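Accompanying notes for the structure given below.
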Amino acid sequence: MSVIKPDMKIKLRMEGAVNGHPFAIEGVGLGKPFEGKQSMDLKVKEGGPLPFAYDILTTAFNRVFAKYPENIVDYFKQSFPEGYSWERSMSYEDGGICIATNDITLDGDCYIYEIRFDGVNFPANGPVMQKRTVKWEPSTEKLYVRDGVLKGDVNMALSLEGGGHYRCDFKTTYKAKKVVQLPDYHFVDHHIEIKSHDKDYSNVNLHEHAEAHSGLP
Amino acid sequence: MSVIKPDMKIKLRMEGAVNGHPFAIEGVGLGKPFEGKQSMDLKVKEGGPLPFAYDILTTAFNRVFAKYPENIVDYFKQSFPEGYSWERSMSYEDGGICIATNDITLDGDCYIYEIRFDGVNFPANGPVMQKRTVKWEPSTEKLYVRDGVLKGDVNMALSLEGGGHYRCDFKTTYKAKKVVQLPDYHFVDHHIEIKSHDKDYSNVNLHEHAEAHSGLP
Amino acid sequence: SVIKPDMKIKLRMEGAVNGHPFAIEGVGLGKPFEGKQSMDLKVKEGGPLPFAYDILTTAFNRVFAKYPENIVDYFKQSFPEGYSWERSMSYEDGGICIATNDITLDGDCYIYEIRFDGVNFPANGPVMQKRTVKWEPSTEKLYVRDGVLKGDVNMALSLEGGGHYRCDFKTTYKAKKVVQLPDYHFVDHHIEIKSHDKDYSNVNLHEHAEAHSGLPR
Amino acid sequence: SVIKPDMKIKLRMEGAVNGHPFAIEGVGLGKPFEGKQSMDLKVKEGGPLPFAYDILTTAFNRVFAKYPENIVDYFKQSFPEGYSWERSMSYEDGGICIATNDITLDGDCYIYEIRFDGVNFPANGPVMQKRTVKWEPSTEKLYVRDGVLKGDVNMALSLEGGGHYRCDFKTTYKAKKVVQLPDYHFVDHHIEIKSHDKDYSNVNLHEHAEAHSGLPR
């Protein structure tokens, strides 16, 4: 509680590849960990203009930014100052698959992310390579302990240009760098949105709102 | 709206098999479709005492019983008097897999279910065949239209005897027997509970509470 | 010694696909040591089948596989008491079937009791639209797990007008008595509908199968 | 004609497993028409590797496969321009790896640029605990999809003290120029670590591979 604040900053670099084509993106942002709200500005540094839907990247750009009620243990805020890392697979219904990692540290009032992102087997005529996505729908992540660490699974869906949805299943493993108290089974509602972007997504402004809860009584 | 009521009745028969061993269960219940609450009493008629965790069956024992706000189209209540059917696969993390169908009709104030349930590849030393499950956790189902019908996917988890969770992914397809208005992407929170049961689950009293919503703003 | 060079087969399958029930009976003959068999199948209920017959055919016994002397034959050892199998068949478009077969022996005739169930086949997919031509030949991978025998296979249906539709099989085989367990091995398969009438009310089906150990070193 | 009976190989792989980065370089030689190859691999960064080396080895070219005259050889046709591949490797305990290889040709030497990433390997699983012995031999199933070549394979690692750990491979192969496309076919494989030092800093790896058409009729 001594290393967290109502207003915190964020710096990140992501290095990655999709279908074997490499890229890099850097980001600067800020957020309110107790309000579960954050935003950031992202710039493509290498590999631009990106030949795939930017939306596949956005959830890689920290569950610290989620409003936790007092009756649910907060694995993430506990993990600082040491921080935590996460690993994630994102399996799309047409066989496209991405995996990503984020190592999160803290310097003063600024979270620092080192992100790797890789994706393969996206069909050339699919919504990802043809940039036919509109946005992620809001979601509810299911979090539970497994082997002394925290898992989070979520059914995600991208709405598509001209209607319909493109589904993806997320499986995330979260690992605190120190021993923290482990939570009971719980949920985090999310809503991630690209608020603005330039024509080729070289510049993107991204927002997330997230709140933990215990489901129906 | 002429064939629905604040209080409705339910009759069902399920015929099925798990790992090749057949069984049959009948049920009688009642519920409040606008409150999203229901309960029923279930009796094993054949194949008892069941050699597997009763919990795998319980979600087969109707999304009519979910509280829908006025701003979300209600695919289910619209579908009557003709009714609707559903198909579901339930894929467990240890390779166990169940599929089920329910054809739902309506007679007076009573819903009538014809249910088939089949499951295979449950390991002999797994939580299902060793009856090590405690209950399903509450959940949030994600519902979206695909090919003119309604899909519902949910990350489910069974809490286990002595701690931890056993995960299962549900994919349901819902099919109205007449043309109804299709909803936008939305959610249904659920909480299913066995309220009471006898020693070998020959008799079970089952409750569900469910409410639709639109996620975080 | 209860296994003769020429043996007979009788079966009944009861099943449902997308909730629509059907029943099929079969009479055949095969040569266990040659790994070849054939049979005539008749739809008894639910005809004309509204789905691709090909999804059913591998449900219609690894006794009919030529094993070399240097590979333990789990199947031929299991008689006269017999064995059962359970199988999930997961199609790439989300269609999923599960099946069971209880196999017994009466004189020189194998008797099969088969249950088959399938759900979530899209209305416009190759199964509901009857766009399949045949299964490609395949190589099943077999290995022991928990004292029983597993067999996994990548299957593909060739499609009318070109291309393939993929399905992953996961089978569990369970001898009714204790038999000697094999090392990791393979069975090559080729299953074919040799003839059928217009609506597949009558089908003549053949299979050739041979076990092997793969490439050496 | 740019394909000679004896050819050389040079590669560099950069990667990460559970977020921990590493780099490996390789020098080898093979006989494209005999379907045999071998190579010496050296960890350059990230050593000693904290995970089972076996997960990496299939990333270290189907040019090295003996094709019969009656099967179109997608790989040998693709040179001198070369081809690339993308692959997902989904392990039965939820561990998942994805890899890419861009293959070019310089004189008589193939050059590989490989990226490898893996996540969600459980701390107590056979990969993180180094409990693997070797890959079993396998049969890859290859088929055209969207004008490119797919190859799927059921793989198994034998485990220290018995049993197997399963992995499903899905590979996409992409020629850099237009080549003639093959019919559905198979490639049998056998990959082996022939020697290694204590911490796998040095590894000698061999593969034998032969294409075929499966059982006839």
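FYI, nothing fancy with the structure tokens labels: chains A, B, ... in order, residues from 1 per chain, ligands from 1 as they appear.
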
Query raised in the report: Quick one: residues within 12 Å of residue 196 of chain D, only C-alpha atoms counted, chain neighbours fewer than 2 positions away excluded, as a VMD selection string?
Result: chain D and resid 39 to 43 53 to 54 192 to 194 198 to 206

Just to be explicit: take each residue in the selection above, keep C-alpha atoms, and write the result as a PDB file, in the first residue's frame.
ATOM      1  CA  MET D  39      22.901 -31.158 -36.733  1.00  0.00           C
ATOM      2  CA  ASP D  40      24.824 -29.793 -33.783  1.00  0.00           C
ATOM      3  CA  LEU D  41      23.072 -27.215 -31.643  1.00  0.00           C
ATOM      4  CA  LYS D  42      24.581 -24.809 -29.111  1.00  0.00           C
ATOM      5  CA  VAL D  43      22.730 -22.699 -26.541  1.00  0.00           C
ATOM      6  CA  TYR D  53      14.958 -29.489 -24.633  1.00  0.00           C
ATOM      7  CA  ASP D  54      12.638 -31.885 -26.512  1.00  0.00           C
ATOM      8  CA  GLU D 192      16.084 -38.213 -32.007  1.00  0.00           C
ATOM      9  CA  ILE D 193      18.621 -36.514 -29.811  1.00  0.00           C
ATOM     10  CA  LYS D 194      21.612 -38.777 -30.455  1.00  0.00           C
ATOM     11  CA  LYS D 198      24.671 -32.545 -19.108  1.00  0.00           C
ATOM     12  CA  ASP D 199      22.581 -29.368 -19.395  1.00  0.00           C
ATOM     13  CA  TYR D 200      21.875 -29.634 -23.144  1.00  0.00           C
ATOM     14  CA  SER D 201      24.227 -26.756 -23.951  1.00  0.00           C
ATOM     15  CA  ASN D 202      25.340 -29.009 -26.768  1.00  0.00           C
ATOM     16  CA  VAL D 203      22.955 -31.283 -28.631  1.00  0.00           C
ATOM     17  CA  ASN D 204      23.373 -33.613 -31.611  1.00  0.00           C
ATOM     18  CA  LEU D 205      20.015 -34.078 -33.349  1.00  0.00           C
ATOM     19  CA  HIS D 206      18.902 -36.430 -36.158  1.00  0.00           C
TER      20      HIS D 206
END

**Report entry** chain C contacts to chain D at 8 Å (only C-alpha atoms) as a ChimeraX atom specification
**Finding:** /C:136-139,141,143-145,152-154,163-164,184,188-190,208-209,214-217

Suppose we keep N, CA, C and O atoms; can you now write the selection as a PDB file, in the first residue's frame?
ATOM      1  N   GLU C 136     -10.225 -39.722 -45.680  1.00  0.00           N
ATOM      2  CA  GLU C 136      -8.903 -40.088 -46.189  1.00  0.00           C
ATOM      3  C   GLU C 136      -8.406 -41.241 -45.359  1.00  0.00           C
ATOM      4  O   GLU C 136      -8.871 -41.442 -44.242  1.00  0.00           O
ATOM      5  N   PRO C 137      -7.448 -42.010 -45.897  1.00  0.00           N
ATOM      6  CA  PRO C 137      -6.754 -43.014 -45.090  1.00  0.00           C
ATOM      7  C   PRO C 137      -6.110 -42.303 -43.908  1.00  0.00           C
ATOM      8  O   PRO C 137      -5.924 -41.088 -43.977  1.00  0.00           O
ATOM      9  N   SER C 138      -5.734 -43.044 -42.872  1.00  0.00           N
ATOM     10  CA  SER C 138      -5.222 -42.405 -41.668  1.00  0.00           C
ATOM     11  C   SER C 138      -4.246 -43.301 -40.938  1.00  0.00           C
ATOM     12  O   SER C 138      -4.153 -44.498 -41.224  1.00  0.00           O
ATOM     13  N   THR C 139      -3.518 -42.697 -40.003  1.00  0.00           N
ATOM     14  CA  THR C 139      -2.651 -43.424 -39.091  1.00  0.00           C
ATOM     15  C   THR C 139      -3.007 -43.091 -37.638  1.00  0.00           C
ATOM     16  O   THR C 139      -2.808 -41.955 -37.182  1.00  0.00           O
ATOM     17  N   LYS C 141      -2.511 -43.329 -33.619  1.00  0.00           N
ATOM     18  CA  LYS C 141      -1.414 -43.440 -32.662  1.00  0.00           C
ATOM     19  C   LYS C 141      -1.946 -44.029 -31.350  1.00  0.00           C
ATOM     20  O   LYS C 141      -2.834 -43.437 -30.715  1.00  0.00           O
ATOM     21  N   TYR C 143      -1.362 -45.725 -27.402  1.00  0.00           N
ATOM     22  CA  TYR C 143      -0.474 -45.639 -26.249  1.00  0.00           C
ATOM     23  C   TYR C 143      -1.267 -45.949 -25.002  1.00  0.00           C
ATOM     24  O   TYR C 143      -2.480 -45.718 -24.945  1.00  0.00           O
ATOM     25  N   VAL C 144      -0.588 -46.496 -24.006  1.00  0.00           N
ATOM     26  CA  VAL C 144      -1.239 -46.825 -22.753  1.00  0.00           C
ATOM     27  C   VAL C 144      -1.369 -45.594 -21.865  1.00  0.00           C
ATOM     28  O   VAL C 144      -0.497 -44.728 -21.854  1.00  0.00           O
ATOM     29  N   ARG C 145      -2.478 -45.523 -21.137  1.00  0.00           N
ATOM     30  CA  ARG C 145      -2.731 -44.459 -20.184  1.00  0.00           C
ATOM     31  C   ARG C 145      -3.616 -45.065 -19.099  1.00  0.00           C
ATOM     32  O   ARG C 145      -4.628 -45.693 -19.409  1.00  0.00           O
ATOM     33  N   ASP C 152      -5.388 -42.078 -30.730  1.00  0.00           N
ATOM     34  CA  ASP C 152      -5.724 -40.757 -31.242  1.00  0.00           C
ATOM     35  C   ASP C 152      -5.442 -40.702 -32.748  1.00  0.00           C
ATOM     36  O   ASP C 152      -4.426 -41.239 -33.205  1.00  0.00           O
ATOM     37  N   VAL C 153      -6.310 -40.044 -33.518  1.00  0.00           N
ATOM     38  CA  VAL C 153      -6.061 -39.960 -34.950  1.00  0.00           C
ATOM     39  C   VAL C 153      -6.521 -38.635 -35.560  1.00  0.00           C
ATOM     40  O   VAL C 153      -7.585 -38.113 -35.216  1.00  0.00           O
ATOM     41  N   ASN C 154      -5.680 -38.074 -36.432  1.00  0.00           N
ATOM     42  CA  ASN C 154      -6.072 -36.930 -37.229  1.00  0.00           C
ATOM     43  C   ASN C 154      -6.809 -37.422 -38.450  1.00  0.00           C
ATOM     44  O   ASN C 154      -6.209 -38.059 -39.325  1.00  0.00           O
ATOM     45  N   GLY C 163     -10.814 -29.751 -51.280  1.00  0.00           N
ATOM     46  CA  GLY C 163     -10.499 -29.350 -49.921  1.00  0.00           C
ATOM     47  C   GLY C 163     -10.836 -30.441 -48.929  1.00  0.00           C
ATOM     48  O   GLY C 163     -11.407 -31.471 -49.306  1.00  0.00           O
ATOM     49  N   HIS C 164     -10.493 -30.201 -47.659  1.00  0.00           N
ATOM     50  CA  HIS C 164     -10.666 -31.186 -46.606  1.00  0.00           C
ATOM     51  C   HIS C 164     -11.312 -30.547 -45.392  1.00  0.00           C
ATOM     52  O   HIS C 164     -11.208 -29.334 -45.190  1.00  0.00           O
ATOM     53  N   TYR C 184       3.897 -48.230 -27.354  1.00  0.00           N
ATOM     54  CA  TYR C 184       3.436 -47.230 -28.304  1.00  0.00           C
ATOM     55  C   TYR C 184       3.485 -47.773 -29.731  1.00  0.00           C
ATOM     56  O   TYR C 184       4.504 -48.323 -30.151  1.00  0.00           O
ATOM     57  N   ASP C 188      -2.497 -48.092 -39.329  1.00  0.00           N
ATOM     58  CA  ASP C 188      -2.949 -47.440 -40.549  1.00  0.00           C
ATOM     59  C   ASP C 188      -4.335 -47.960 -40.871  1.00  0.00           C
ATOM     60  O   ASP C 188      -4.612 -49.148 -40.714  1.00  0.00           O
ATOM     61  N   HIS C 189      -5.187 -47.067 -41.343  1.00  0.00           N
ATOM     62  CA  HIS C 189      -6.570 -47.380 -41.649  1.00  0.00           C
ATOM     63  C   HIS C 189      -6.899 -46.889 -43.042  1.00  0.00           C
ATOM     64  O   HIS C 189      -6.329 -45.889 -43.500  1.00  0.00           O
ATOM     65  N   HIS C 190      -7.859 -47.550 -43.688  1.00  0.00           N
ATOM     66  CA  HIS C 190      -8.545 -46.964 -44.840  1.00  0.00           C
ATOM     67  C   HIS C 190      -9.995 -47.452 -44.839  1.00  0.00           C
ATOM     68  O   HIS C 190     -10.254 -48.633 -45.027  1.00  0.00           O
ATOM     69  N   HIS C 208      -9.788 -51.535 -44.211  1.00  0.00           N
ATOM     70  CA  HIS C 208      -8.517 -52.249 -44.173  1.00  0.00           C
ATOM     71  C   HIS C 208      -7.656 -51.550 -43.103  1.00  0.00           C
ATOM     72  O   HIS C 208      -7.582 -50.326 -43.076  1.00  0.00           O
ATOM     73  N   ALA C 209      -7.009 -52.328 -42.237  1.00  0.00           N
ATOM     74  CA  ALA C 209      -6.236 -51.783 -41.131  1.00  0.00           C
ATOM     75  C   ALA C 209      -5.012 -52.659 -40.800  1.00  0.00           C
ATOM     76  O   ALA C 209      -5.121 -53.882 -40.727  1.00  0.00           O
ATOM     77  N   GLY C 214       6.131 -47.602 -37.078  1.00  0.00           N
ATOM     78  CA  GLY C 214       6.683 -46.373 -37.645  1.00  0.00           C
ATOM     79  C   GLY C 214       8.104 -46.544 -38.169  1.00  0.00           C
ATOM     80  O   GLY C 214       8.595 -47.675 -38.275  1.00  0.00           O
ATOM     81  N   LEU C 215       8.771 -45.437 -38.504  1.00  0.00           N
ATOM     82  CA  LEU C 215      10.170 -45.505 -38.960  1.00  0.00           C
ATOM     83  C   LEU C 215      11.097 -45.936 -37.835  1.00  0.00           C
ATOM     84  O   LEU C 215      10.906 -45.549 -36.677  1.00  0.00           O
ATOM     85  N   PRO C 216      12.122 -46.724 -38.167  1.00  0.00           N
ATOM     86  CA  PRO C 216      13.080 -47.207 -37.162  1.00  0.00           C
ATOM     87  C   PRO C 216      14.131 -46.188 -36.659  1.00  0.00           C
ATOM     88  O   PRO C 216      13.951 -44.973 -36.779  1.00  0.00           O
ATOM     89  N   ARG C 217      15.243 -46.733 -36.151  1.00  0.00           N
ATOM     90  CA  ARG C 217      16.264 -46.021 -35.364  1.00  0.00           C
ATOM     91  C   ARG C 217      15.725 -45.652 -33.986  1.00  0.00           C
ATOM     92  O   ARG C 217      16.300 -46.040 -32.967  1.00  0.00           O
TER      93      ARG C 217
END

Query - Contact set, chain D to chain B: 10 Å, only C-alpha atoms, as a PyMOL selection string - result: chain D and resi 92-94

Can I get the selected residues back with C-alpha atoms, as a PDB file, in the first residue's frame?
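The resulting file, again-v9.pdb, is shown below:
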ATOM      1  CA  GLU D  92      -2.436 -31.878 -23.245  1.00  0.00           C
ATOM      2  CA  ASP D  93      -1.845 -30.063 -19.950  1.00  0.00           C
ATOM      3  CA  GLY D  94      -2.459 -26.646 -21.503  1.00  0.00           C
TER       4      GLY D  94
END

**Report entry** Backbone DSSP call of alpha helix (DSSP H) for segment 51-193 of chain A, listed as a ChimeraX atom specification
**Finding:** /A:75-78

Proximity of chain B to chain A: per-residue shortest pair, 7 Å limit, only C-alpha atoms, as a Markdown table:
| residue | atom | partner | partner_atom | distance |
| --- | --- | --- | --- | --- |
| B:138 | CA | A:215 | CA | 6.0 |
| B:139 | CA | A:215 | CA | 6.8 |
| B:140 | CA | A:140 | CA | 6.7 |
| B:145 | CA | A:164 | CA | 6.7 |
| B:146 | CA | A:164 | CA | 6.6 |
| B:164 | CA | A:146 | CA | 6.6 |
| B:189 | CA | A:216 | CA | 6.6 |
| B:190 | CA | A:216 | CA | 6.7 |
| B:191 | CA | A:216 | CA | 6.2 |
| B:215 | CA | A:138 | CA | 6.0 |
| B:216 | CA | A:191 | CA | 6.2 |

Requested in this report: Would you kindly return, as number ranges by chain, each protein, DNA or RNA residue with an atom no farther than 6 Å from any atom of segment 50-67 of chain A, considering only C-alpha atoms and excluding same-chain residues fewer than 3 positions away?
Outcome: A: 33-36, 76-77, 128-129, 131, 210-212

Requested in this report: Enumerate, as an MDAnalysis selection string, the complete set of residues in segment 43-210 of chain C that a backbone-based DSSP assignment places in strand (DSSP E or B).
Outcome: chainID C and resid 43:45 66 83:91 96:106 109:119 132:135 138:145 148:159 164:175 185:196 202:210

Requested in this report: Rounded to one decimal place, report the atom CA of residue 200 of chain A-atom CA of residue 135 of chain A distance in Å.
Outcome: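 Spanning atom CA of residue 200 of chain A to atom CA of residue 135 of chain A is a straight-line distance of 15.6 Å.
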
**Report entry** Which of D:148, D:128, D:211, D:157 sits closest to residue 175 of chain D [using only C-alpha atoms]
**Finding:**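 So, comparing all the options, the nearest one is D:148.
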
Query raised in the report: Near segment 1-10 of chain D, counting only C-alpha atoms, which residues have an atom at most 12 Å away, once you skip same-chain residues fewer than 4 positions from it, shown as an MDAnalysis selection string?
Result: chainID D and resid 24:42 60:61 63:64 66 75:82 102:114

Writing out the chosen residues with C-alpha atoms as a CSV table (one decimal), in the first residue's frame:
chain,number,residue,atom,x,y,z
D,24,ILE,CA,20.3,-21.3,-29.9
D,25,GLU,CA,22.4,-21.7,-33.0
D,26,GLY,CA,22.9,-24.7,-35.2
D,27,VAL,CA,25.1,-26.2,-37.9
D,28,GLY,CA,24.1,-29.3,-39.8
D,29,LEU,CA,24.0,-31.4,-43.0
D,30,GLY,CA,21.5,-33.6,-44.6
D,31,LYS,CA,20.5,-35.6,-47.7
D,32,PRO,CA,17.2,-34.2,-49.1
D,33,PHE,CA,16.5,-37.2,-51.3
D,34,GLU,CA,17.2,-39.7,-48.5
D,35,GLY,CA,15.0,-37.8,-46.0
D,36,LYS,CA,17.8,-37.7,-43.4
D,37,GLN,CA,19.6,-34.9,-41.6
D,38,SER,CA,21.6,-34.2,-38.5
D,39,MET,CA,22.9,-31.2,-36.7
D,40,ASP,CA,24.8,-29.8,-33.8
D,41,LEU,CA,23.1,-27.2,-31.6
D,42,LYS,CA,24.6,-24.8,-29.1
D,60,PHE,CA,15.2,-27.3,-35.7
D,61,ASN,CA,12.4,-28.3,-42.8
D,63,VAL,CA,12.9,-30.5,-47.7
D,64,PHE,CA,14.5,-33.3,-45.8
D,66,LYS,CA,12.0,-38.6,-49.1
D,75,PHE,CA,9.2,-28.3,-50.5
D,76,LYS,CA,11.8,-29.1,-53.1
D,77,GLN,CA,9.9,-27.1,-55.7
D,78,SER,CA,10.0,-24.0,-53.5
D,79,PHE,CA,13.7,-23.4,-53.9
D,80,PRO,CA,15.8,-21.4,-54.6
D,81,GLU,CA,13.3,-18.8,-53.3
D,82,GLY,CA,12.4,-21.0,-50.3
D,102,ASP,CA,11.8,-18.5,-42.5
D,103,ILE,CA,13.9,-20.7,-44.7
D,104,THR,CA,16.3,-19.4,-47.4
D,105,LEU,CA,19.1,-20.9,-49.5
D,106,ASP,CA,22.7,-19.7,-49.9
D,107,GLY,CA,24.7,-21.9,-52.2
D,108,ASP,CA,24.4,-25.4,-50.8
D,109,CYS,CA,23.4,-24.2,-47.3
D,110,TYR,CA,19.8,-23.8,-46.0
D,111,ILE,CA,19.5,-20.8,-43.6
D,112,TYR,CA,16.8,-20.8,-40.9
D,113,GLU,CA,15.6,-17.9,-38.9
D,114,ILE,CA,13.5,-19.4,-36.2

Query - Minimum-distance residue to residue 202 of chain B, chosen among B:22, B:48, B:108, B:162 (using only C-alpha atoms) - result: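 Among the listed residues, the smallest separation from residue 202 of chain B belongs to B:48.
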
Report task. For segment 103-106 of chain A, work out the shell of residues within 8 Å, counting only C-alpha atoms and skipping chain neighbours fewer than 5 positions away, then give it as a list in words. Result ->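 Here the answer would be residues 80, 81, 82, 83, 84, 85, 86, 111, 112, 113, 114 and 115 of chain A; 19 of chain D.
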
Query raised in the report: Between D:21, D:46, D:95, D:151, which has the minimum distance to residue 62 of chain D (counting only C-alpha atoms)?
Result: D:151

Report task. State, in Å with one decimal place, the distance from atom CA of residue 159 of chain C to atom CA of residue 88 of chain B. Result ->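 Those two atoms sit 25.9 Å apart.
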